[PDB]
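What follows is the residue order along each chain.
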Number of protein chains: 2
Amino acid sequence: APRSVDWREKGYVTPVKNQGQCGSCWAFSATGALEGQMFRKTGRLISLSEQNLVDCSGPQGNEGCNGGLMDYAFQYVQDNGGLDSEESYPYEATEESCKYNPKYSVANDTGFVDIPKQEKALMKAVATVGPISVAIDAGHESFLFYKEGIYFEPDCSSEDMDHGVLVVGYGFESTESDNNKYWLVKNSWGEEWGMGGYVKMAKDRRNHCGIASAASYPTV
Amino acid sequence: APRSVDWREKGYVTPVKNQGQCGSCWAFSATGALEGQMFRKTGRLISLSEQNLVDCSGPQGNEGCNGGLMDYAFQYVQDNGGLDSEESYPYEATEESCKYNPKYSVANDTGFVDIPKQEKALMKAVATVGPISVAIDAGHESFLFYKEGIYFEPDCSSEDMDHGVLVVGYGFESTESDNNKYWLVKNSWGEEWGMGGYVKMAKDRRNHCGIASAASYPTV
Ligand SMILES: [Zn+2]
Ligand SMILES: [Zn+2]
């Protein structure tokens, strides 16, 4: 793969969103990956509905504001024959009755691919596919108050990662000699969190925060 | 006990602080309780050093930015014969070598009292003692993005509560007919979090978030 990738430069990535008081990060992660693949397919960047996922993907295994998996959301889009735009089906940060309307569907997928649990494999996927849905351990104040630089947390778990996010690239920091590699990660905690809503996560440091352990992307 | 208590009105409580990128909430919880008891004793409200706790209370069982217990901090203050002011020993949000200086000690304790694991018992303690150190489950985005009203999270755990905070009172909301009781809780996530750095937590709803399960106060 190349030494540094950033899909935001290529137009694959919508501005940062905010999940608010709802455990819906899986939905934001899934729409981010699907936004990337739809852009690759059509050349149109269109913001997708997390609320559509929160409301409607119960049958595939998701639980609205009480958690879910990106794969289950990709499975729902396949089963459902579509997904509504953010504009047509806006974000409410609470689970409600399904209101999917096929007239406003702007996205499709035919399934998903799970990536092998290795940072080498994640890197090849990020390089060649686009933004990748991943789950991380986000449960430390070091992450809550992250501002800049490469995030490294010596208590980070690589098991049962709670928080769905989006890898949009990777790179390295020139000015630091050791441990200088990072994943470029889009969060769903608003623009005011972290670096404009982004975090540089430690890369190739024993799968820090479990970042490569639950990585996947939708097929469109 | 009375129907509503708020120790902030009585002068027991310093302004809200920010723990930053460090798992030191136990230290903020402990200084808050000790600030309350010292004020009761002397009539002087003095901000106490969390950094002093982070740096120096290893021998009593604490682990700096990787966690700790309020009881271990109360034990350290007893063993150490004092605790420095915030001003003399400022907050750095990282563990460093102990720099305690007895010339700047402004607080003392002779131990601590653990409260029985019941909200009835917590209420009697808050009513008659002052601000009470407690641990809660803070590990949901519903808490991260809490803004106002009574916080209630149907997935909240009452086991292994991670996050040390300070109960400064309790009350009830008039305009709501059911589930209207709350604990008034000081956090250490800055003034910009929650309601000026405070949260109203559901009270008498089956020990929501484990709030009564690890409650204590220092004896001064
Ligand atoms: Zn999350
Ligand atoms: Zn905490």
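Residues numbered from 1 in each chain as written, not as in the entry; some residues may be left out. Chains lettered and ligands numbered in written order. Heavy atoms only, no water.

Section: the coordination of the zinc ion (ligand 2)
And step 1. Around the zinc ion (ligand 2), the protein supplies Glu141(A) (OE) and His163(B) (ND1) as donor atoms, at distances of 2.1 Å. Here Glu141(A), found in helix α5 (residues 141–144), pairs with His163(B), found in strand β7 (residues 163–172), and the two come from separate chains.
And step 2. Take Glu141(A): its relative accessible area is 12%, and that puts it in the buried class.
And step 3. Assessed through its relative accessible area of 3%, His163(B) is described here as buried. (Donors = N, O, S within 2.8 Å, 3.2 Å for Na, K, Ca; no water. Helix = DSSP H or I, 4+ residues; strand = E, 2+ residues; numbered from the N terminus. Buried < 20%, exposed > 50% of the residue type's maximum accessible area, 1.4 Å probe, protein only.)

Some thoughts on the interface of chain A and chain B
And step 1. On the chain B side, the residues contacting the 19 residues of chain A number 19 residues.
And step 2. For the pair chain A and chain B, the summed buried surface comes to about 1,300 Å²; carbon and sulfur atoms form 55% of the total.
And step 3. No other element matches the three residues that α5(A) contributes to the side of chain A that touches chain B.
And step 4. Of the residues contributing to the side of chain A that touches chain B, the split by class is seven nonpolar, eight polar and four charged. (Contact = heavy atoms within 4.5 Å. Buried area = accessible area lost by both parts, 1.4 Å probe. Nonpolar A, V, L, I, M, F, W, Y, C, P; charged D, E, K, R; others polar.)

Section: the state of the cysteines
When the sulfur atoms of two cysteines share a covalent bond, that bond is a disulfide.
Residue and element names in this part refer to chain A.
And step 1. A complete count under the given rule lists six disulfides over all chains for this structure.
And step 2. The disulfide bridge from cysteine 56 ends at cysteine 98, spanning 2.1 Å between sulfur atoms. Judged by the torsion about the S-S bond (100°), the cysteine 56/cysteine 98 disulfide is right-handed. Of this pair, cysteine 56 sits in helix α2 (residues 50–56) while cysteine 98 sits in the loop between β2 (83–84) and β3 (105–107), and the two are 42 residues apart along the sequence.
And step 3. Relative accessible area serves as the criterion here: at 45%, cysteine 98 is assigned to the partly exposed category.
And step 4. By sequence order of its bonded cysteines, chain A has the disulfide arrangement 1-3, 2-4, 5-6. (Disulfide = S-S within 2.5 Å.)

Points about the environment of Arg44(B)
Residue and element names in this part refer to chain B.
And step 1. Along the polypeptide, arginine 44 turns up in the loop between α1 (25–42) and α2 (50–56).
And step 2. Relative accessible area serves as the criterion here: at 54%, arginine 44 is assigned to the exposed category.
And step 3. Sequence spacing of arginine 44 and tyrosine 12 is 32 residues, and the spatial spacing of their C-alpha atoms is 9.0 Å.
And step 4. Apart from residues no more than four positions distant in its own chain, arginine 44 is found in contact with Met38 and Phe39.

Structural notes on a negative patch on the surface
And step 1. A cluster of acidic residues, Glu63(A), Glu92(A), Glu95(A), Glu96(A), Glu159(A), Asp160(A), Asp162(A) and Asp155(B), forms a negative patch on the protein surface.
And step 2. Its place among the elements puts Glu63(A) in the loop between α2 and α3 (70–80).
And step 3. Given a relative accessible area of 52%, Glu63(A) falls into the exposed group. (Patch = residues over 30% accessible without salt bridge, like charges linked within 9 Å, V, L, I, M, F, W, Y side chains within 5 Å. Areas by Shrake-Rupley, 256 points an atom, 1.4 Å probe, with all protein chains shown as cover. Salt bridge = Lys/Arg side-chain N within 4 Å of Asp/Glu carboxyl O. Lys, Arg positive; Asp, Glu negative; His and termini not counted. Charge placed at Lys NZ, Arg CZ, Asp CG, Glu CD.)

Some remarks on the packing of aromatic side chains
And step 1. Throughout the structure, instances matching the rule amount to 22 aromatic pairs over all chains.
And step 2. On the basis of an interplanar angle of 45° and a centroid distance of 4.8 Å, the ring pair of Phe143(B) and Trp193(B) is categorised as tilted. Here the residue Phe143(B) occupies a position in helix α5 (residues 141–144), and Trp193(B) occupies one in the loop between β8 (181–186) and β9 (198–202), the gap between them amounting to 50 residues. Of the two residues, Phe143(B) and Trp193(B), both sit in the buried class.
And step 3. Between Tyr170(B) and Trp183(B) the ring centres are 6.0 Å apart and the planes differ by 80°, which places this aromatic pair in the edge-to-face class. With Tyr170(B) in strand β7 and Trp183(B) in strand β8, this pair connects stretches of sequence that are 13 residues apart. Take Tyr170(B) and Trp183(B): they sit in the same class, and that class is buried.
And step 4. Of the aromatic side chains, those joined through ring pairs into one cluster are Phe143(A), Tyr146(A), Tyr151(A), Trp189(A), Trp193(A) and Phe145(B).
And step 5. Directly above the aromatic system of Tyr182(B) lies the positively charged group of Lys200(B), at a separation of 5.1 Å from the ring centroid.
And step 6. One residue, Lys203(B), lies across the ring of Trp183(B), its end atom 5.3 Å from the ring centre. (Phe/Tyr/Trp six-rings, centres within 6.5 Å; stacked < 30°, edge-to-face > 60°. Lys NZ or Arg CZ within 6 Å of the ring centre and 35° of its normal.)

Geometric descriptors of this kind do not, in isolation, establish any biological role.
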